[PDB]
């Protein structure tokens, strides 16, 4: 797109941020992320949106809090989180961003919805 760049991606480590490894965060990585990561429709969400490559120069004009499963995975692996709610919120940021940027019925929106369906099935069974 010519001098077009992507923002730097979200941090996946912060040494001055309080961290914990809860039973619920282990399940988020072990169940909820391994499940969605393997899914047939995961691929658009496994890394930050490459707006340069995909030729989407308004992406990061509309989406100011980007999130993707690549980011979430690295955060879960690097024990970035204090609790499972922080993580679940990143998942919801990723789905909402997609629904914001795109329009109902778009292939991408069907992919996100399939993944979100699956997300929620798995999160129902989050151990206390």
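Numbering follows the first chain given and starts at 1.
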| query | finding |
| --- | --- |
| Selected stretch [higher average CA B-factor]: 52-60 or 26-34 | 26-34 |
| Chain third (lowest, middle, highest) by recorded CA B-factor, residue given as residue 65 | lowest |
| Where the record places residue 79 (Cα B-factor, split into thirds across the chain) | middle |
| Residue 12, C-alpha B-factor rank within chain (lowest, middle or highest third) | middle |
